[PDB]
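Engineer: Sharing a structure, written as structure tokens. Questions coming.
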Amino acid sequence: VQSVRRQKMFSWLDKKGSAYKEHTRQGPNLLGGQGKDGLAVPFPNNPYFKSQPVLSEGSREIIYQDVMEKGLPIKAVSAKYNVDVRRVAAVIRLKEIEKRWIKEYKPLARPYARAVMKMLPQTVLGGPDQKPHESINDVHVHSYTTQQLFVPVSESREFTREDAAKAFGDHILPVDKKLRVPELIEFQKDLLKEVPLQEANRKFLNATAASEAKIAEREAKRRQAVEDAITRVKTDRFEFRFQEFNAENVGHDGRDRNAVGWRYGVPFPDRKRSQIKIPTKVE
Amino acid sequence: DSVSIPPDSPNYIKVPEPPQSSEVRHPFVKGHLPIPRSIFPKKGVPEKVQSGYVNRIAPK
Amino acid sequence: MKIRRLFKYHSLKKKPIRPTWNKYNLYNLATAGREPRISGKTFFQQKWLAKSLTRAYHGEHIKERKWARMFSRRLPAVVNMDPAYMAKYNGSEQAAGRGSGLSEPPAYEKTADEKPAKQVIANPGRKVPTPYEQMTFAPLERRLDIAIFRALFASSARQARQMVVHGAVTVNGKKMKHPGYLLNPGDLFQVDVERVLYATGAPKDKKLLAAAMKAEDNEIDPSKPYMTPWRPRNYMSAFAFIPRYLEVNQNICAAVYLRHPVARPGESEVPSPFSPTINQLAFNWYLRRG
Amino acid sequence: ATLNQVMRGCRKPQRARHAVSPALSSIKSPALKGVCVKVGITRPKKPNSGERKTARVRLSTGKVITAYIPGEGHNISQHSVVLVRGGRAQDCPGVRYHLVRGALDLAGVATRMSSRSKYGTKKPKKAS
Amino acid sequence: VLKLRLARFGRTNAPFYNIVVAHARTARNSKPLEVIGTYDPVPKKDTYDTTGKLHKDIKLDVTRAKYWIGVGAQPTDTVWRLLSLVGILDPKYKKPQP
Amino acid sequence: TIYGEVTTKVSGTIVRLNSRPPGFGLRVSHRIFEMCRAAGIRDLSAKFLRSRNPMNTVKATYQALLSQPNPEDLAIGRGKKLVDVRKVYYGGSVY
RNA sequence: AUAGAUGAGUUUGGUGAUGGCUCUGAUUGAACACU
RNA sequence: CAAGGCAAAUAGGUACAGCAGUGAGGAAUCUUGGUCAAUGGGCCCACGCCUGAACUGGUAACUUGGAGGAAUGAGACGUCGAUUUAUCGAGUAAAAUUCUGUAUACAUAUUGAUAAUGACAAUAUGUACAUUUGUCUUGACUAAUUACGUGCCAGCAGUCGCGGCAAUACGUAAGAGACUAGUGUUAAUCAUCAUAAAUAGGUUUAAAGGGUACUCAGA
Ligand SMILES: [Mg+2]
Ligand SMILES: [Mg+2]
Ligand SMILES: [Mg+2]
Ligand SMILES: [Mg+2]
Ligand SMILES: [Mg+2]
Ligand SMILES: [Mg+2]
Ligand SMILES: [Mg+2]
Ligand SMILES: [Mg+2]
Ligand SMILES: [Mg+2]
Ligand SMILES: [Mg+2]
Ligand SMILES: [Mg+2]
Ligand SMILES: [Mg+2]
Ligand SMILES: [Mg+2]
Ligand SMILES: [Mg+2]
Ligand SMILES: [Mg+2]
Ligand SMILES: [Mg+2]
Ligand SMILES: [Mg+2]
Ligand SMILES: [Mg+2]
Ligand SMILES: [Mg+2]
Ligand SMILES: [Mg+2]
């Protein structure tokens, strides 16, 4: 005979918990329910963790087609739909793998995709943009900027963000330079100068499009400078790659983090606790 | 170049992060390397780099 | 070998919350106490109670000794900053007065006056606190086996580990057989589709298919592990949530590790069925493990 | 103390503290082997009362120490080679050592069901 | 006698070498005068490559190795073979064509 | 957290409280943790210098939370601003 | 390298001090007992 | 060259702190293997010879890292321990069902090496298999309870202490808390300890102001 505890379980699992046996309505059906900010809560005891919306299927294509077909800079697409540049780049990478599967005549997980997307909140981009997908201007809290400092200054001083950055340290930058899309500040400054919105967007596009050109240039010069140091000498069996380097960069005592060579005067750390023996980087 | 970067690698789309966006603490690397000996005197221009020096010490 | 610690995994008496979609677990989660009594308990009795509760969910398949070293006292967080404010103001107004800012009348006076005083100049939503205490077990969210569970590709953290050890996952298009691989921002881990269907698919009861062979859309295939036509697990809707640090694609069963779990004002990106009071007690335990 | 008084060497190490098991602590050894010289009984001090089973042992180093026999019932006598480990009987003066019960000649308690590791008792092997 | 040779390092069944400039009559793994580069015998395979080709990673300071070769350094048979590929020296051995 | 640093003495029981950055936690003793957890503090450091009497330990810590340096009274007294660098940097009080 | 600084039991009829001892944390080219 | 030990006598060698190994001592630490294929060295015009360094196989949980199985499982309408025969548990636990093929085994291929030479093994892929529990603690410090027996006896104990006939502290039985191919104990080191205080202590009554101050050196 079932115990009392199990009997109570199946009792709750039949009347109150029967709403989770199947997902009939579209949207989240979590236990915590809708919160004060209109976001479901998967755990009632933890109100801070909310189920955030995920990019709808049709929305993922809009982002992909804009960056590929129209060739717009990722920064512009990130600021248009309020999607992080790190997410926009992932949507394209994942979408390119779909083209490969569709090109290779591979069967997609369509039955699993449709059912799961009905359990999560979505944000359809385009016309019906109720709220921004996420915050694209989130700044990382630097450890230096977390200190409680009360600097004594003149009673009539104009303490700006630049001065505050110098108070935390000499090599620190203000939040105006730590943004992922700094072209927005320049765009907002145009709205203060009674500039037509039609022109304010034009300058923004040219700004982002110009920055991506620079970044693409540095990358090209970098990769080209890394291959100039590799002299490939093909052989009968393999290809020997001789990478050049400076044998004098070992520091003033031979201890340099970037030095090349198996360091001397150190035994094997294999018997140390918490020693990592797993690949830390899969290129 | 050998082959194009596929969409699987994280280098398919380069999105450089802004300055001071991480604080990774790398450990101290034990061991040392021998300091290469200086071949030229710190001050002045040595004779080894002048023209014809090699031909004088290694004449055909 | 089943160890003594797994003899009572979903017990209804102890009511532990586990990282799985089991129906016995859903009942223990729904009917979990709102706030365990800690008034009479000493400081050690509270830190232990919080550790046992949180460790039953976070990294349950990880040795306590290993997690003690994985526990980091660095709780990252971000700060939202709109460009509209920066363009207009340069932070000078924040130092007005004596360095802290222009003082405002007390609340018992604003309700008295008819007109409301002018709004203060600052960023939007710049007074709400951030839940740092609830990011204690964020380092566990970096594991490859956990990320597969948070993406809804497996029915539990134990099953997500099987997929890795059994060579069913490939990070950055390369096979990965180590469940402890700490993902890096930008890595794209992809699980085999057949495993994601069986993991999340409904059980295959041979009795139901008996009355099926006789009697878009998908046909019934009796040569597959899951039940055809594929239908999601029974009680999967109650655990269907994808964190914000992941970007998944259900079609190909792949996902990208955009960034590490990061806290924000009024929000945390670490799934945890425990209040900040418990996560705060569990954080103090691992500072000195006593 | 003034900086001068410290320059002349006023900071000296603290007076050493005696160890619970000097014979083992002196040479940094966890245990030693000794030949039982006498198996008698020691009486606790004021608060405690009873007959504590002790054994006068002559260690391999040469020291003659007094070790305590844990458990209920032993099988050692004169000229018994026993293993000595650190410890101390808190109520018996001079009894500053213990004897391992799964040792060379000292046998473990056969009727012990709890803490068998502390008394060197093999598992009963009831079903096996 | 200055020699450009390989100092073997690594673990069991995982050889990793270190091109160095040391005196002939000295321990193989003793601290040398300099460290010209490293050498990995086991050939690697490009990450996203299915052609089946293999390569060997070799870090080498050509500018520093040339000076030592010019003052009378005698590279071993293996180091000589590597320097030949780089084009500093001529091959010491060759496959008979006949 | 508290404003700056406070050091109080109650009959041979000295307590030194320090303000710590966000995300630091209540890395304090077992009695201070209860007071901070009840008052609303979340980041702090403590240290008993001389004695650890349970009672005077709590009396000194309570008198320290009330003897914090008021950053505005220090400004009017010296005639010099005391700018909150963390407030100007982020454009407001980042709780 | 900017997160790193923490206590507990025990003297007294009792309180507050002084001053030891012990536990709490990490570890070993370790040994032993039960496995 | 001298002395002692072993050996040797008209002889006039040997000293394993070279590798493996034996005895002894001790709480305690291994094979009397293979190959010069790789790296290094000596001899050599050259070829080539030699290498107990070295590279490899073996022994030990000594340590570290990893594996050591996941999902389903409610009417076997059984069993077990408590007791309130229906309460409280064992218990989703088991059995059973549906999957995976992890360590490992085997096969194939590449590679360690090239002018040529492979002792031995790694890596990749294919197929196949679901494989143990152990141990400490349970008065407070310190997370975790009752019953019976024992009666300052037997014993427990890191510290305070417990045991004198209704013991939550001993010994059994059950339950509970925790770590896990490890778990405890002993020994040791750091921290705890501002507990020799340079950073950074203190000396009326608590360890500790010299009997005195003129004074060389010295601050
Ligand atoms: Mg005593
Ligand atoms: Mg028991
Ligand atoms: Mg006991
Ligand atoms: Mg008195
Ligand atoms: Mg004191
Ligand atoms: Mg030997
Ligand atoms: Mg000898
Ligand atoms: Mg012996
Ligand atoms: Mg050789
Ligand atoms: Mg050679
Ligand atoms: Mg030759
Ligand atoms: Mg295998
Ligand atoms: Mg040869
Ligand atoms: Mg307790
Ligand atoms: Mg007492
Ligand atoms: Mg008992
Ligand atoms: Mg292990
Ligand atoms: Mg006097
Ligand atoms: Mg005198
Ligand atoms: Mg006197």
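To be explicit about the labels: the chains of the structure tokens are called A, B, and onward in the order shown, and within each one the residues are counted from 1, while ligands get numbers from 1 in the order they are shown.
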List as a list in words the protein and nucleic acid residues lying within 10 Å of ligand 3, with only C-alpha atoms (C1' of nucleotides) and all ligand atoms counted.
Structural biologist: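 So, counting only C-alpha atoms (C1' of nucleotides) and all ligand atoms, the residues near ligand 3 are residues 114, 115, 116 and 118 of chain D; 136, 137, 138, 156, 157, 169, 170 and 171 of chain H.
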Engineer: Could you give me, as a ChimeraX atom specification, the residues within 9 Å of segment 2-17 of chain G, counting only C-alpha atoms (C1' of nucleotides) and dropping anything in the same chain fewer than 3 positions from it?
Structural biologist: /A:143-147 /C:73-74 /F:11-12,20-21,24,27-30,45-48,51,53 /G:21-24 /H:140-141,159-160,192,206
Engineer: May I ask you to extract the residues of chain D within 7 Å of chain G, using only C-alpha atoms (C1' of nucleotides), and to give them as an MDAnalysis selection string?
Structural biologist: chainID D and resid 30 102 116:118 120 122
Engineer: For N, CA, C and O atoms, I'd like the residues from the last selection saved as a PDB file, in the first residue's frame.
Structural biologist:
```
ATOM      1  N   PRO D  30      55.903   8.459  13.645  1.00  0.00           N
ATOM      2  CA  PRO D  30      54.502   8.307  14.053  1.00  0.00           C
ATOM      3  C   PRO D  30      54.291   7.178  15.048  1.00  0.00           C
ATOM      4  O   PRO D  30      53.370   7.228  15.868  1.00  0.00           O
ATOM      5  N   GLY D 102      45.805  -3.711  16.499  1.00  0.00           N
ATOM      6  CA  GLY D 102      46.047  -4.571  15.357  1.00  0.00           C
ATOM      7  C   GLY D 102      47.530  -4.700  15.091  1.00  0.00           C
ATOM      8  O   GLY D 102      47.959  -4.924  13.956  1.00  0.00           O
ATOM      9  N   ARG D 116      35.757  -0.475  14.778  1.00  0.00           N
ATOM     10  CA  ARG D 116      36.695  -1.584  14.657  1.00  0.00           C
ATOM     11  C   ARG D 116      38.068  -1.116  14.194  1.00  0.00           C
ATOM     12  O   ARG D 116      39.080  -1.743  14.526  1.00  0.00           O
ATOM     13  N   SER D 117      38.126  -0.028  13.425  1.00  0.00           N
ATOM     14  CA  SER D 117      39.416   0.477  12.969  1.00  0.00           C
ATOM     15  C   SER D 117      40.286   0.931  14.131  1.00  0.00           C
ATOM     16  O   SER D 117      41.516   0.844  14.056  1.00  0.00           O
ATOM     17  N   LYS D 118      39.670   1.420  15.206  1.00  0.00           N
ATOM     18  CA  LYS D 118      40.424   1.885  16.361  1.00  0.00           C
ATOM     19  C   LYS D 118      40.966   0.743  17.206  1.00  0.00           C
ATOM     20  O   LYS D 118      41.881   0.966  18.006  1.00  0.00           O
ATOM     21  N   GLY D 120      41.496  -2.625  15.754  1.00  0.00           N
ATOM     22  CA  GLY D 120      42.062  -3.675  14.933  1.00  0.00           C
ATOM     23  C   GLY D 120      41.243  -4.946  14.916  1.00  0.00           C
ATOM     24  O   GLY D 120      41.777  -6.034  15.153  1.00  0.00           O
ATOM     25  N   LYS D 122      38.912  -7.329  12.570  1.00  0.00           N
ATOM     26  CA  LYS D 122      38.435  -7.652  11.235  1.00  0.00           C
ATOM     27  C   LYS D 122      36.917  -7.770  11.240  1.00  0.00           C
ATOM     28  O   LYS D 122      36.297  -8.065  12.264  1.00  0.00           O
TER      29      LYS D 122
END
```
Engineer: May I have the residues within 8 Å of segment 6-8 of chain B as a list in words, using only C-alpha atoms (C1' of nucleotides) and disregarding those fewer than 3 positions away in the same chain?
Structural biologist: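 Answer for this query is residues 93, 94, 96 and 97 of chain A; 12 of chain B; 172, 173 and 188 of chain C; 48 of chain E.
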Engineer: Can you work out which residues are within 8 Å of ligand 12, considering only C-alpha atoms (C1' of nucleotides) and all ligand atoms, and then hand them over as a list in words?
Structural biologist: residues 101, 102 and 104 of chain H
Engineer: Please identify every residue of chain A that has at least one atom no more than 6 Å from any atom of chain E, counting only C-alpha atoms, and report them as a ChimeraX atom specification.
Structural biologist: /A:238-245
Engineer: Which of segment 52-276 of chain C end up as alpha helix (DSSP H) when DSSP is run on this backbone - answer as a PyMOL selection string?
Structural biologist: chain C and resi 52-55+64-70+83-88+107-110+144-150+157-165+193-200+206-210+276
Engineer: Filtering to N, CA and C atoms, could you give me those residues as a compact mmCIF listing (two decimals), in the first residue's frame?
Structural biologist:
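In the end it all went to part.txt:
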```txt
# COMPACT_ATOMS: atom_id res chain seq x y z
N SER C 52 23.98 22.00 3.07
CA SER C 52 23.35 20.75 2.70
C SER C 52 22.20 20.98 1.73
N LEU C 53 21.47 22.08 1.90
CA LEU C 53 20.36 22.39 1.01
C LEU C 53 20.86 22.77 -0.38
N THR C 54 21.82 23.69 -0.45
CA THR C 54 22.28 24.17 -1.74
C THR C 54 23.11 23.12 -2.47
N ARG C 55 23.85 22.29 -1.74
CA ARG C 55 24.68 21.29 -2.39
C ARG C 55 23.86 20.13 -2.93
N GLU C 64 32.72 17.02 -2.73
CA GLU C 64 32.77 18.22 -1.90
C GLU C 64 34.18 18.81 -1.90
N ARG C 65 35.19 17.95 -1.84
CA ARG C 65 36.57 18.42 -1.85
C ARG C 65 36.88 19.22 -3.10
N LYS C 66 36.38 18.77 -4.25
CA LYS C 66 36.65 19.46 -5.51
C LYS C 66 35.96 20.82 -5.56
N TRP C 67 34.71 20.88 -5.11
CA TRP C 67 33.97 22.14 -5.17
C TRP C 67 34.56 23.19 -4.24
N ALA C 68 35.09 22.78 -3.09
CA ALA C 68 35.71 23.74 -2.18
C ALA C 68 36.77 24.56 -2.89
N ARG C 69 37.51 23.94 -3.81
CA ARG C 69 38.51 24.67 -4.58
C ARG C 69 37.89 25.38 -5.77
N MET C 70 36.78 24.87 -6.30
CA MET C 70 36.12 25.53 -7.42
C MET C 70 35.38 26.78 -6.96
N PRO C 83 23.13 55.69 -23.10
CA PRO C 83 23.91 56.79 -23.69
C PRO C 83 23.24 58.14 -23.58
N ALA C 84 21.92 58.19 -23.43
CA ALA C 84 21.23 59.47 -23.35
C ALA C 84 21.74 60.30 -22.18
N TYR C 85 21.90 59.67 -21.02
CA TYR C 85 22.39 60.38 -19.85
C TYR C 85 23.81 60.90 -20.08
N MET C 86 24.69 60.04 -20.59
CA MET C 86 26.08 60.45 -20.78
C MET C 86 26.19 61.66 -21.70
N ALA C 87 25.38 61.68 -22.77
CA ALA C 87 25.47 62.77 -23.73
C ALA C 87 25.11 64.10 -23.08
N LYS C 88 24.13 64.10 -22.19
CA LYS C 88 23.67 65.35 -21.58
C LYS C 88 24.52 65.73 -20.38
N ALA C 107 10.28 62.18 2.93
CA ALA C 107 9.08 61.63 2.32
C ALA C 107 7.81 62.17 2.97
N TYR C 108 7.84 62.43 4.27
CA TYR C 108 6.64 62.92 4.95
C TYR C 108 6.28 64.35 4.55
N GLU C 109 7.12 65.03 3.78
CA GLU C 109 6.81 66.36 3.27
C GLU C 109 6.34 66.34 1.83
N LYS C 110 6.88 65.44 1.00
CA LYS C 110 6.44 65.38 -0.39
C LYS C 110 4.97 65.02 -0.48
N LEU C 144 30.74 21.85 -18.67
CA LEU C 144 30.11 21.45 -19.92
C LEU C 144 28.86 20.62 -19.66
N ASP C 145 28.89 19.77 -18.63
CA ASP C 145 27.74 18.94 -18.32
C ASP C 145 26.58 19.75 -17.77
N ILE C 146 26.87 20.84 -17.06
CA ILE C 146 25.81 21.69 -16.53
C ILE C 146 25.19 22.52 -17.65
N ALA C 147 26.03 23.12 -18.49
CA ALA C 147 25.53 23.93 -19.60
C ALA C 147 24.60 23.13 -20.51
N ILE C 148 24.85 21.83 -20.65
CA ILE C 148 23.96 20.99 -21.45
C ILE C 148 22.63 20.81 -20.75
N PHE C 149 22.62 20.83 -19.42
CA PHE C 149 21.37 20.69 -18.69
C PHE C 149 20.59 21.99 -18.68
N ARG C 150 21.27 23.13 -18.53
CA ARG C 150 20.57 24.41 -18.52
C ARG C 150 19.98 24.75 -19.88
N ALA C 157 21.33 16.64 -14.60
CA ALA C 157 22.77 16.86 -14.69
C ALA C 157 23.55 15.56 -14.74
N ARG C 158 22.98 14.47 -14.21
CA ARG C 158 23.62 13.17 -14.32
C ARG C 158 23.56 12.64 -15.75
N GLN C 159 22.46 12.91 -16.45
CA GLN C 159 22.31 12.45 -17.82
C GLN C 159 23.13 13.30 -18.78
N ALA C 160 23.23 14.61 -18.50
CA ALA C 160 24.06 15.47 -19.34
C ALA C 160 25.53 15.10 -19.24
N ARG C 161 25.94 14.50 -18.13
CA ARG C 161 27.30 14.02 -17.99
C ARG C 161 27.53 12.74 -18.78
N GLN C 162 26.52 11.88 -18.87
CA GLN C 162 26.65 10.66 -19.67
C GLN C 162 26.91 10.99 -21.13
N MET C 163 26.20 11.99 -21.67
CA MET C 163 26.37 12.35 -23.07
C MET C 163 27.81 12.75 -23.36
N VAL C 164 28.46 13.43 -22.42
CA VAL C 164 29.83 13.87 -22.63
C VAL C 164 30.80 12.70 -22.51
N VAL C 165 30.67 11.92 -21.43
CA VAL C 165 31.59 10.80 -21.22
C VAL C 165 31.46 9.78 -22.33
N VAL C 193 21.49 14.81 -31.85
CA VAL C 193 20.05 15.01 -31.82
C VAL C 193 19.35 13.79 -31.23
N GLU C 194 19.81 12.59 -31.57
CA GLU C 194 19.15 11.38 -31.09
C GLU C 194 19.13 11.31 -29.57
N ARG C 195 20.16 11.83 -28.91
CA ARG C 195 20.20 11.79 -27.45
C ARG C 195 19.28 12.83 -26.84
N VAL C 196 19.16 14.00 -27.47
CA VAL C 196 18.31 15.05 -26.94
C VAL C 196 16.85 14.65 -27.02
N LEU C 197 16.48 13.83 -28.01
CA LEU C 197 15.10 13.37 -28.12
C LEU C 197 14.79 12.33 -27.05
N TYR C 198 15.69 11.36 -26.86
CA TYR C 198 15.46 10.34 -25.84
C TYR C 198 15.51 10.94 -24.44
N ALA C 199 16.40 11.91 -24.23
CA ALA C 199 16.52 12.52 -22.91
C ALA C 199 15.25 13.27 -22.53
N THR C 200 14.74 14.09 -23.45
CA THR C 200 13.55 14.89 -23.21
C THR C 200 12.27 14.23 -23.72
N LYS C 206 5.86 -0.05 -24.33
CA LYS C 206 5.50 -0.97 -25.41
C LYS C 206 4.00 -1.23 -25.46
N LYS C 207 3.28 -1.00 -24.36
CA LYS C 207 1.85 -1.27 -24.35
C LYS C 207 1.08 -0.26 -25.19
N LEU C 208 1.54 0.99 -25.23
CA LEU C 208 0.86 2.00 -26.04
C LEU C 208 1.04 1.74 -27.52
N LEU C 209 2.25 1.35 -27.93
CA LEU C 209 2.50 1.09 -29.34
C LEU C 209 1.75 -0.13 -29.85
N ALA C 210 1.27 -0.99 -28.95
CA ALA C 210 0.52 -2.16 -29.39
C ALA C 210 -0.72 -1.75 -30.17
N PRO C 276 18.02 34.44 -0.96
CA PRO C 276 19.35 35.01 -0.68
C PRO C 276 19.84 34.73 0.72
```
Engineer: Would you give me, as a PyMOL selection string, the residues in segment 39-97 of chain E that DSSP reads as strand (DSSP E or B)?
Structural biologist: chain E and resi 39+44+55-60
Engineer: Could you dump the residues just selected with N, CA, C and O atoms as a PDB file, in the first residue's frame?
Structural biologist:
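See out.pdb below for the written result:
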```pdb
ATOM      1  N   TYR E  39      60.925  21.935 -29.913  1.00  0.00           N
ATOM      2  CA  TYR E  39      60.673  20.995 -30.994  1.00  0.00           C
ATOM      3  C   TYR E  39      59.725  19.916 -30.496  1.00  0.00           C
ATOM      4  O   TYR E  39      59.896  19.396 -29.392  1.00  0.00           O
ATOM      5  N   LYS E  44      51.181  17.220 -35.541  1.00  0.00           N
ATOM      6  CA  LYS E  44      49.828  17.617 -35.197  1.00  0.00           C
ATOM      7  C   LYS E  44      48.973  17.672 -36.458  1.00  0.00           C
ATOM      8  O   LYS E  44      49.446  17.461 -37.577  1.00  0.00           O
ATOM      9  N   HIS E  55      51.462  18.351 -39.702  1.00  0.00           N
ATOM     10  CA  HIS E  55      52.549  19.310 -39.592  1.00  0.00           C
ATOM     11  C   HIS E  55      53.229  19.148 -38.240  1.00  0.00           C
ATOM     12  O   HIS E  55      52.723  18.472 -37.340  1.00  0.00           O
ATOM     13  N   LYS E  56      54.393  19.779 -38.105  1.00  0.00           N
ATOM     14  CA  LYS E  56      55.173  19.761 -36.876  1.00  0.00           C
ATOM     15  C   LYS E  56      55.450  21.188 -36.429  1.00  0.00           C
ATOM     16  O   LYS E  56      55.960  21.998 -37.209  1.00  0.00           O
ATOM     17  N   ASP E  57      55.112  21.493 -35.179  1.00  0.00           N
ATOM     18  CA  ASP E  57      55.340  22.823 -34.630  1.00  0.00           C
ATOM     19  C   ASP E  57      56.781  22.951 -34.154  1.00  0.00           C
ATOM     20  O   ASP E  57      57.254  22.139 -33.353  1.00  0.00           O
ATOM     21  N   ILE E  58      57.481  23.970 -34.651  1.00  0.00           N
ATOM     22  CA  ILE E  58      58.881  24.204 -34.310  1.00  0.00           C
ATOM     23  C   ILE E  58      59.070  25.703 -34.115  1.00  0.00           C
ATOM     24  O   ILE E  58      58.925  26.478 -35.066  1.00  0.00           O
ATOM     25  N   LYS E  59      59.386  26.111 -32.891  1.00  0.00           N
ATOM     26  CA  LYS E  59      59.769  27.483 -32.589  1.00  0.00           C
ATOM     27  C   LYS E  59      61.288  27.578 -32.574  1.00  0.00           C
ATOM     28  O   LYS E  59      61.954  26.777 -31.912  1.00  0.00           O
ATOM     29  N   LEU E  60      61.832  28.542 -33.312  1.00  0.00           N
ATOM     30  CA  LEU E  60      63.274  28.652 -33.469  1.00  0.00           C
ATOM     31  C   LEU E  60      63.660  30.109 -33.672  1.00  0.00           C
ATOM     32  O   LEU E  60      62.993  30.837 -34.412  1.00  0.00           O
TER      33      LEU E  60
END
```
Engineer: Throw together the list of residues within 10 Å of ligand 17, counting only C-alpha atoms (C1' of nucleotides) and all ligand atoms, and drop it here as a list in words.
Structural biologist: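 Counting only C-alpha atoms (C1' of nucleotides) and all ligand atoms, the residues within 10 Å of ligand 17 come out as residues 61, 63, 64, 65, 66, 67, 180, 181 and 182 of chain H.
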Engineer: May I have the residues from that selection written out with C-alpha atoms (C1' of nucleotides), as a PDB file, in the first residue's frame?
Structural biologist:
```pdb
ATOM      1  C1'   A H  61      46.044   3.874  -3.320  1.00  0.00           C
ATOM      2  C1'   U H  63      49.819  11.396  -4.132  1.00  0.00           C
ATOM      3  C1'   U H  64      47.126  13.764  -7.965  1.00  0.00           C
ATOM      4  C1'   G H  65      43.676  13.473 -12.250  1.00  0.00           C
ATOM      5  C1'   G H  66      39.722  10.528 -14.440  1.00  0.00           C
ATOM      6  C1'   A H  67      36.302   6.627 -14.903  1.00  0.00           C
ATOM      7  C1'   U H 180      34.035   7.828  -0.008  1.00  0.00           C
ATOM      8  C1'   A H 181      38.347   4.006  -2.964  1.00  0.00           C
ATOM      9  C1'   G H 182      39.241   5.655   0.207  1.00  0.00           C
TER      10        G H 182
END
```
